Amino acid sequence: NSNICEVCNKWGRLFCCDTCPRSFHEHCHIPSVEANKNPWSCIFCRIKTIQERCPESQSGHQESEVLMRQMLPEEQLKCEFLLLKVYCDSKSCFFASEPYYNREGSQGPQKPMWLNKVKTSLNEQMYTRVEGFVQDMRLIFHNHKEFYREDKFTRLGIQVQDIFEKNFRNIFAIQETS
Ligand SMILES: [Zn+2]
Ligand SMILES: [Zn+2]
Ligand SMILES: [Zn+2]
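Calculation notes
Residues numbered from 1 in each chain as written, not as in the entry; some residues may be left out. Chains lettered and ligands numbered in written order. Heavy atoms only, no water. Residues with missing side-chain atoms left out of burial classes, pairs and counts. Salt bridge = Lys/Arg side-chain N within 4 Å of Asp/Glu carboxyl O. Buried < 20%, exposed > 50% of the residue type's maximum accessible area, 1.4 Å probe, protein only. Helix = DSSP H or I, 4+ residues; strand = E, 2+ residues; numbered from the N terminus.

## What about the pattern of salt bridges?
Okay, so step 1: Summed over the entire model, instances satisfying the criterion amount to eight salt bridges.
Okay, so step 2: Among the salt bridges present, the one from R69 reaches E65, with a minimum N-O distance of 2.8 Å.
Okay, so step 3: By relative accessible area, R69 is classed as buried at 16%.
Okay, so step 4: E65 gets classed as partly exposed once you look at its relative accessible area, which sits at 38%.
Okay, so step 5: Among the salt bridges present, the one from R138 reaches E165, with a minimum N-O distance of 2.9 Å. Pair noted here: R138 is in helix α6 (residues 130–148) and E165 is in helix α7 (residues 154–171), with a separation of 27 residues, a long-range link.
Okay, so step 6: Using a relative accessible area of 23% as the deciding quantity, one classes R138 as partly exposed.
Okay, so step 7: Residue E165 is classed as buried on the basis of its relative accessible area of 13%.

This is the structure in C-alpha cells:
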C-alpha cells in the first residue's frame, strides 16, 4: 500500500485498501472508512467494479438524463466519488468549510454552499436525484465567482470548477463533444 493518504497526500493514521494499493485517512475517504469489513475495498475499487460489471455504462450519456437519475446506490456512490475527486485537489481547501463574506463592494451569496455541507448532505441521504448534488457543487463555484468579482482570487473558483466538471464527465460517462 501507499504510505500517504490518496486524498490529502499526508501521512498519519491510514486505512489501507485490500484490492488496490491506495490508503486513506478515515474522514478523507468518502464514505468515511467503514468500521469492520475485511476485506475492505476503497471507493476507487468500487467504482471500477460497477464499470466492469456493466461495460456499456461507459457509453456516452446526455447530462440532462444523468441529472434526472434518482439517487439509487450506484448513483450515490458515483456522487461520493466525484466529491472525493474534488477534495483530492489541494485547492479544495478554499471551498471546504463554511465561508463568510465581508468585502468592500460585494454582498455575500443568498445561498452559501461549501464542500463539507455537500459531504454531510450525501451522508444524510438528502439528495433524491443526481441534479441536487450537481446543483450544490456548481453553486459553490458560482457564489465564489460572483463575490470575488474582478479580484484575481476568482480564478480559484474556475480552477476547482474545472476539476469538478472534468471528473463529472468521466464518472458519469458524459458523451464527448467539441
Ligand atoms: Zn487524508
Ligand atoms: Zn482500492
Ligand atoms: Zn451489463
